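The structure appears right after this line, and notes come after that.
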2 protein chains.
Amino acid sequence: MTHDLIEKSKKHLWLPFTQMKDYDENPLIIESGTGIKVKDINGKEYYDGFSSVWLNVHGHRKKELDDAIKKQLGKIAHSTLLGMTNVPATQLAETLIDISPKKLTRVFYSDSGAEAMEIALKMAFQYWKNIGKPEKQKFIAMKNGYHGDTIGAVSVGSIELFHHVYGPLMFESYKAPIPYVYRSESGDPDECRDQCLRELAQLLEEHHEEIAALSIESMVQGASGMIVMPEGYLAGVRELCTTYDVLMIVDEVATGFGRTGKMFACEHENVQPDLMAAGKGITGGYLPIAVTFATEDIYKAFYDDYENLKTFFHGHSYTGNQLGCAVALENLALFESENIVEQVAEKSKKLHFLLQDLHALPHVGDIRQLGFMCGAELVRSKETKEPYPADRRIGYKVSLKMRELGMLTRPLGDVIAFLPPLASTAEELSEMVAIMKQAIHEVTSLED
Amino acid sequence: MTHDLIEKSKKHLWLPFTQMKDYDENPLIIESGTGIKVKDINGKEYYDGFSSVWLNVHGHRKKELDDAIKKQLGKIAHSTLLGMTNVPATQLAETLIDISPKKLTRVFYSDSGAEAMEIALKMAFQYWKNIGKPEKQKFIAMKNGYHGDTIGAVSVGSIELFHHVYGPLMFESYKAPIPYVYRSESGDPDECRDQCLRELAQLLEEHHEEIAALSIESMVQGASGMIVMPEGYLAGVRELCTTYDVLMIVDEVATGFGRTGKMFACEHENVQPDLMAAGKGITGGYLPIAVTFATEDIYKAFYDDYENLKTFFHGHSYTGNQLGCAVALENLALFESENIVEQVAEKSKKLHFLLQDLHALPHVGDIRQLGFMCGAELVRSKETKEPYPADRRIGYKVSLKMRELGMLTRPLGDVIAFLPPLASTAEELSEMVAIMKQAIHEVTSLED
Ligand SMILES: *Cc1c(COP(=O)(O)O)cnc(C)c1O
Ligand SMILES: *Cc1c(COP(=O)(O)O)cnc(C)c1O
Ligand SMILES: C[C@H](N)C(=O)CCCCCC(=O)O
Ligand SMILES: C[C@H](N)C(=O)CCCCCC(=O)O
């Protein structure tokens, strides 16, 4: 009836980033969403406290967004961008160029964030080959960094739950140290920033001639536990990259489009990427579209007569999908007409105090926040900062507790993520912090 | 204004698989489509003779497909498949399992064909270490194989012009030869087949204890020039993969969903893949949805208590998108109520005769076809079968002539690809083949 839908799900599906024995024990099937809440096939409603995995902006069944896709259906759903283009993709490219960092003048589409990162890495590799510098073939990427699941993006990721096993498949990369101030040693953001930059510079001084690009998440590392970079760090990596002739790839797939209370997160420190990835909330969270921005200097390294062999030979079949681009176009009009970014910045002030209060809980160790990008790191001892053994599944148990309490999210290890939709109201925010607090306590007061 | 949308496209876009200097010289912006024709912003109409790069099934503005997406907007556009599922992804999963090879019982969603292949390759690699055979970690891919553009897909793909700037970023891979009947000495499909299988068997015999999987396009190598595998070749590959304990990965991204006159091309030789990649036409050409099918034996090697770390740690954020899944569900209902596959198979009989007439031209060296998947290889000499030098751009020029004559396709080197929508009538196919024949004559008669 809907009983059968549940059994079908367990019989035919294989779900991303999930142990299916876990799914089969606690299955959940979503049927509709309205505002910032989704509804399962039984009629239970849940706050979407993780924005459907960090991509949902205006909430669900956002009226203008729905209208924008109906309008485009009435014209054409998809025609190709291989050797040509279409209207919404071209319009969107100009709108994207207008709001991104000033040095990024080019828009290369694809389907997902891993793909946009996969394209940034290939662009950066082929640039140096193109301009007669074929030795520049290694990458630097940051520890605790994550850039997607395909093999290039994996070669540049460093979350060892996900990646360690795939080492034989990975290309040659250096891993640079980032600040993780919470379980640091001095606990000072300036000291941690300066030490990690010092070590970046020494790595660069020794090997830059072999290195095409450096990859880094913009301001906040997400899959690693919503670890926010100390002030001045990102701008410090930009300078080091410029100085040692390494292209800087900035990953904005999670932080992009208002998430950190700027349109793009590298605005906090005014950094200009050479290459920049984006996805998730670009479409409001409706459809798979992704982008790699490039500078003009990069673009023209590939512009030449065709048998001069400059061409970038990459491109997915759905590249520039009109349906995706149309809803992205409306999304960005909503940012403008709603003043979304400003409202996120305002609402994050009070949210700040709401989140700092969780510290009152015995097993909450750290609270991290930049805008609407937050994590509560759970700890078996605040004093110690010693974490619970992984085998007690504390983050997992907390997610399940929140779920029965009517709120959806996913933990990053024992870090409880909180990335509520950008349209979230001040009262919705406090209603979600309250459920999260209740859940952490109920689970954690028993150290399950 | 037409002229400034055109100048915006030259200014802010970087297109897929395109030398932007070629684009600038000959810009083309599509506005709408109706049935199997698309229309540019100047109002000029074109036959869609490459199905918008091999993905459009029913034409454009297909009413049923249109209704299906509108109906889904009215419920929800995207909620996550991480740790949970939704209604259309669940229903779609069931239907896909029913129409796919019987041994394939499991569906793992993604956004694109490359991502589906990347998933297949990561499943094969981790499968063997989950069951305690870490030795089995190498891949075999077929000479002239194309599996997508992301780094893992290109590590198992061999299109010299595409891959191998990127040599340094692969991942070593065993390359086996495919029978290329047209420019082979005997040729003779049976002689070719059996010798390429003798070389595979040799490769397996020596290295099979190191090999995780063999990766192969299903029945036709597309990007390499629409090269049809001889009868018995695919069934022999499968047999040798079984004999030597190597998983068979089958790429159906281009051939899948009716293209070759079967629902899946592997049905031609009755082959059961271990892992099967699909995409493109899965949605009728409307949206980016892809699938990796897996057997239950493979699924169950990642199925275990979370602490025994069996889990597949992979999954894009738009996995199981309701919008793509909804349109795909309706796409498949059409295959059923419109008997698309049987209609393609039937129409393909007369079509073969249209294409044999094409063969009458002095510079048409070969015609290749399986269902609606066709290729007309151009040669400067049809008795020596010598190719035009690349530097005289014969494929590119033919595609531009077809353009002005009102038809879109893309060449593969000097092979003119012909992949018309599956809804194409008998009349429309002959209209299309005639425009293609005129354009080959007008370009090629001037080139000696
Ligand atoms: C989401 C994420 C990705 C991967 O994007 P997908 O669409 O899931 O493939 C890449 N980089 C960052 C920083 C991300 O947050
Ligand atoms: C189209 C294709 C791919 C890649 O799919 P995308 O959606 O373009 O990334 C991979 N393998 C084959 C055989 C294909 O035809
Ligand atoms: C567009 C998609 N990446 C695809 O697989 C098509 C095959 C390669 C396309 C090369 C061309 O048509 O110019
Ligand atoms: C969904 C997408 N692959 C993404 O970037 C999130 C990765 C980290 C999420 C880990 C989890 O939620 O379990």
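Note: hydrogens, waters and symmetry copies are ignored here, and every other heavy atom, side chains too, is used. Sequence lines set the chain letters: A, B, ... in the order given, protein chains first and strands last, and positions in each chain run from 1.
Using a 4.5 Å cut-off between heavy atoms, A:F125 contacts chain B through its side chain alone, with no backbone atom that close. If you measure heavy-atom distances from A:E307 to chain B, the contacts under 4.5 Å come from the side chain alone. Interface residue A:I97: only side-chain heavy atoms are found under 4.5 Å from chain B. If you measure heavy-atom distances from A:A153 to chain B, you find no contacts under 4.5 Å at all. The parts of A:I298 that come within reach of chain B are both its backbone and its side chain, each placing non-hydrogen atoms under 4.5 angstrom from that chain.
Two residues are said to be in side-chain contact when any heavy atoms from C-beta on lie closer than 4.5 Å; B:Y109 and A:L13 meet this criterion. At least one side-chain heavy atom of A:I69 sits under 4.5 Å from a side-chain heavy atom of B:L323. The shortest side-chain heavy-atom distance between A:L121 and B:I151 does not fall under the 4.5 Å cut-off. Put simply, the side chain of A:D305 does not reach to within 4.5 Å of the side chain of B:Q19, judged on heavy atoms. Side-chain contact between B:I159 and A:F313 is absent, with no heavy-atom pair separated by less than 4.5 Å. Counting heavy atoms from C-beta on, the side chains of A:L169 and B:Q137 never come closer than 4.5 Å.
Contact between A:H316 and B:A114 at its shortest, heavy atoms only, is CE1-CB, 3.7 Å. Smallest separation of non-hydrogen atoms from A:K122 and B:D149: NZ-O, 3.0 Å. Here the closest non-hydrogen pair linking A:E115 and B:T150 is CG-CG2, 4.0 Å.
A distance of 11.5 Å separates OH in B:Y46 from OG in A:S79, rounded to the nearest 0.5 Å. The OG atom of B:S52 lies 6.0 Å from the CD1 atom of A:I76; values are rounded to the nearest 0.5 Å. To the nearest 0.5 Å, atom NE2 of residue B:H60 and atom NZ of residue A:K75 are 15.0 Å apart.
Relative orientation of the A:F108 and B:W14 rings is perpendicular, given thresholds of 30° and 60° on the angle between their planes.
With sequence neighbours excluded, no residue satisfies ring-ring contact (aromatic ring centres under 6.0 Å, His included) with B:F50.
Contact tally against chain A (heavy-atom pairs below 4.5 Å) for B:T18, B:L15, B:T80, B:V53: the top residue is B:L15. Here B:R106 is the residue among B:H78, B:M20, B:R106 with the most heavy-atom pairs under 4.5 Å with chain A. Ranked by heavy-atom pairs under 4.5 Å with chain A, the list B:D111, B:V107, B:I119, B:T319 is led by B:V107. Most heavy-atom pairs under 4.5 Å with chain B, from the set A:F293, A:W54, A:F312, A:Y286: that is A:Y286.
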